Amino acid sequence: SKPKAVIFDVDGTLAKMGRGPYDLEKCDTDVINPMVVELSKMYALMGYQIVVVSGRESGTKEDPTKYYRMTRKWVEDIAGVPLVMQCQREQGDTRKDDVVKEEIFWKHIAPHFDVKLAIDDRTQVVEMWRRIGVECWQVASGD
């Protein structure tokens, strides 16, 4: 009986989409998506553990966690999401989001949490969560 959890995505979900999508160097200035961010705070107060998962590459070759650290600072200090765990696509991983996010899920999250719900904006990712038996709410079209 693992503690109950909710997974949130970052891009398009917690954070709005102002810059280039793969231009992570400017991602520290992203704008919060208010209802989704409020949702994460709501779930945390209700005793769900919040887990953040992003397809953002963690960094560059010379700085492998550069973007992970930027993302984390944005989530924690700008959005104020009270997460207990953050997971990203490792530097050099070029597979599709749904493939990576599924791997992250089975390897790092599922053994520790009982994930009741995932929040995301991309159809391919949304269908993956649903397919492996995780309720998922799509919060935007994803285009």
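Note that residue numbering follows the sequence shown and begins at 1.
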Check the residues of the deposited sequence separating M17 from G18 and report how many of them have no coordinates, as none, 1 to 3, 4 to 9, or 10 or more. 1 to 3
Quick note on 44-52 and 94-102: per-entry mean CA temperature factor is higher in 94-102
Which has the higher mean CA temperature factor in the PDB entry, 110-118 or 22-30? 22-30
Tell me, lowest, middle or highest third: where does the Cα B factor of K61 rank within its chain? highest
Going by the entry, which third of its chain does the Cα temperature factor of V126 land in? middle
Tertile call for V10 (CA temperature factor, within chain, third-based) is the lowest
